[PDB]
Structures are given as structure tokens and as C-alpha cells.
Amino acid sequence: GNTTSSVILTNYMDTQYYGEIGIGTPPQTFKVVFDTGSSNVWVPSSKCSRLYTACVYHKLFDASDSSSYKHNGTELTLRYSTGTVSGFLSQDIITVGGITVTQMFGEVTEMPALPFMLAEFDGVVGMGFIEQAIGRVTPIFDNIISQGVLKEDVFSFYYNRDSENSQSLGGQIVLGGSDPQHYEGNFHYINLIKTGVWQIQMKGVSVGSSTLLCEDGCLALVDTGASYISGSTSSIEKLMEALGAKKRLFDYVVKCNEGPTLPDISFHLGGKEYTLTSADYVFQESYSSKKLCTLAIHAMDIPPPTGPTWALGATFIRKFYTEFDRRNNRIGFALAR
Ligand SMILES: CN[C@H](CNC(=O)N1CCC[C@@H]([C@@H](OCCNC(=O)OC)c2cccc(Cl)c2)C1)C[C@H]1CCCOC1
Ligand SMILES: *[C@@H]1O[C@H](CO)[C@@H](O)[C@H](O)[C@H]1NC(C)=O
Ligand SMILES: [Cl-]
Ligand SMILES: [Cl-]
Ligand SMILES: [Cl-]
Ligand SMILES: [Cl-]
């Protein structure tokens, strides 16, 4: 096999990146987030009651309208950081890119307003391992590896900075490989800690000159479904104090005028420094000293077994094109352009 497919992604405000899949015959279209921190596929169901305002406001999958659809009906409940969704399993043909696979996915029938009323996407396509898939359902990239059509057993993410230009490419997933148009130089590869989670070892996090955090090592999940960088409550407090940031209800902020001269934050990964400047981590809506600007960094206490861990989300990926490699169990980073 030597096929590599591409899916264009929409970038909504540098916090939601999502692309299209088609389910059924004829294809029903869904906006989905490709999430390396999870491993199940789901979209909203036609059987989702109106009582779920979130079901009113998203695209629904109608089993009746698809000839390839095969019933299963087994209960499914998926819990994320954002909330819980539930429904049942269905099987059908899913297209992503030029690739068609038969897949088991969740038809969601309970979808809470918090926070799905704020999702610009309809569902999630988990790119994690079967070890994390609820119901041990075979993940879509695993069903794609099976077809043997892919040039290499890897996928990769380019996430762009949101642009006013009507033309800006919001982002791009490649199945089968990486697109040299969106990264410079060569990949630096880091080995997974273990198969089952896209998580690597991290040697420290430094803010400025001083190695402030994770001084004796810690973990980093590379999470394409995460908008921000996240660390544990106790690390983030330390980081935010170092930056003179203020915690609010939904976010952390800084005086907008102060943002540009805030220190770099570096992540020490596979012997190298991955550095994010304040231009990569502050949302500079203005530079006014009477306005507060949000940082693209927050606290998330991810529970064992996968946490405690940092998570490197779009804030980080924006800068570093990311290749997720299943064949060799490793992740490669190169400078995004
Ligand atoms: C395990 N991977 C995801 C972890 N994401 C997160 O924890 N957050 C922190 C809370 C808000 C989330 C944001 O998602 C945007 C998509 N993501 C992304 O475009 O990335 C670059 C979000 C914002 C608003 C509404 C909703 Cl439902 C979600 C991001 C699991 C996510 C995957 C998507 C469903 O929710 C679970
Ligand atoms: C649906 O999923 C359960 C999980 O494998 C399985 O036992 C069952 O055979 C499948 N249901 C049907 C109706 O085929
Ligand atoms: Cl059912
Ligand atoms: Cl889950
Ligand atoms: Cl720490
Ligand atoms: Cl940013």
C-alpha cells in the first residue's frame, strides 16, 4: 500500500479544530475532532431527543437512511474532561479522506448542554489506542491499518494560527504520512513510554532562565483534542505566579500590555528544548493596559492511570507539526510552517 490521505480542518478561534467525515451510504456528513487523547468514534443520533438542546444544534446520524448500516445497539458511555455522552453502538462505512472503512462507532442520544452547546463540531474521532477505547471497540486507525492501504502506519497534524484571511488553511491531518509543506527540517522522534497512550516522558518545564517545573521529570500526553497546554493544578499555580497571571472562572489572564515581554516557556523533550514564546501562548486581543488577555494554558488534573500528566494541546502543536507513529511507537516533532 502507498496511499496517504488528507483532511482539511477548520480552525475556530484557535480552540477548536475539526474536519469532515461521511457515515453511511449515501454519506451523512459530520464535523469531527480528531482526538489523540481518546479512542472511540461518536456522532449524535437521530434518536437523540429534542430535550437535548445540543442535539437540536448539531447534525444527527439517521440509521434508517443508510443501506450499509448494521445494527448493534450495545450501550456506550464516554466520559471526558468536558462531560459525559451516552448512546449505543452502530456499525457503518466511514470515509475519511480517500479512505473508506467499516467501523463501529457510538450513536449518541444523551449530550449535555455544558459544554456541547459550545462545540462547533458534531462528534469525535478518537485516534488513540484500543487500550483506551471504551467497550474495547476497535479504533478507526486500527481498522485503517488493517486495510493495508497506508504508505506508512503513521498520521500527523498541522494546526494553523487563526487568520482573518478567508483563505487560510485552518489545519490538516495526514493519514499515512506527513506533509513537508507544513513543517521544516527533519523530525525529532521521541519514544512512547508504552503502547496504548500517546504519552512521552518529559524532563522539565522551564519559565525564563530558571527550570521552575517538573524538575525531576513528569509526563506529557500529546493531545490533539486539547485546546491548550495543561498541567496539574499545583504546577500551573507555580507557572501562573511566575507569569504574574490571574485566575478567573474560565481562564487565566494577564494584562494585555504585559504579554509580549512575558518569559518563554520551554518543554524539555527527548533531550531538546521545545520553546513557546508569549506570542505563542497569549491571546493578544489588544495591547491595552486596561484589558485582560487570556493565556492558552490551564490546569487539568488528569486522573490515574493516564495522569498525573501534562497535556500538550493545540497551543503546542501550532508550533510543532506532530507525527504520531504506530509502527515504531513514537511521536515526531518538527517546526511547523
Ligand atoms: C482527551 N482529548 C480531549 C481533551 N480536551 C480537553 O480536555 N479540552 C478542555 C475542555 C474544552 C475542550 C474543547 O475541545 C475542543 C476540541 N479540541 C480541540 O480542537 O483541540 C485542539 C471544547 C470546547 C468547547 C466545547 C467542547 Cl464539547 C469542547 C478541550 C477530549 C475532548 C474532545 C472533544 C470533546 O470534549 C472532550
Ligand atoms: C454488537 O456488539 C456486541 C459486542 O461485540 C456483540 O456481542 C454483538 O454480537 C453485536 N450485536 C449484534 C446484534 O450483532
Ligand atoms: Cl437502540
Ligand atoms: Cl473515555
Ligand atoms: Cl512541578
Ligand atoms: Cl496563540
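For chain A, we keep the numbers from Swiss-Prot: what you see runs 70-406, in order.
Note: Cβ is positioned from N, Cα and C throughout, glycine not excepted.
Per Swiss-Prot, the features are as follows:
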- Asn71: N-linked glycosylation site (CARBOHYD)
- 86-403: domain 'Peptidase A1' (DOMAIN)
- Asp104: active site (ACT_SITE)
- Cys117-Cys124: disulfide bond (DISULFID)
- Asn141: N-linked glycosylation site (CARBOHYD)
- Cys283-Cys287: disulfide bond (DISULFID)
- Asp292: active site (ACT_SITE)
- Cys325-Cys362: disulfide bond (DISULFID)
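Everything Swiss-Prot records as a feature, shown here on the structure.
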| residue | record | Cβ contacts under 8 Å, 6 or more apart |
| --- | --- | --- |
| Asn71 | N-linked glycosylation site | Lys220 |
| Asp104 | active site | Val193, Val194, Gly195, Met196, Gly197, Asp292, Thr293, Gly294 |
| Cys117 | disulfide bond | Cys124, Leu129, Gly156, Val177, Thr178, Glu179, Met180 |
| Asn141 | N-linked glycosylation site | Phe157, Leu158, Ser159, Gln160, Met173 |
| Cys283 | disulfide bond | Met271, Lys272, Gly273, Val274, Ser304, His337, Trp379 |
| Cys287 | disulfide bond | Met271, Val274, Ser304, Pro377, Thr378, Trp379 |
| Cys325 | disulfide bond | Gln353, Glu354, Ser355, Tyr356, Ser357, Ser358, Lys360, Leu361, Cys362 |
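Counting every protein chain shown, 28 other Cβ atoms lie within 10 Å of the Cβ of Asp292 (active site). The Cβ of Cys124 (disulfide bond) has 23 neighbouring Cβ atoms from other residues within 10 Å, across all protein chains displayed. Under the three-state DSSP scheme, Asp104 (active site) falls in the strand class.
Secondary structure from DSSP puts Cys124 (disulfide bond) in a helix. Using a 10 Å Cβ-Cβ cutoff, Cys362 (disulfide bond) registers 22 neighbours.
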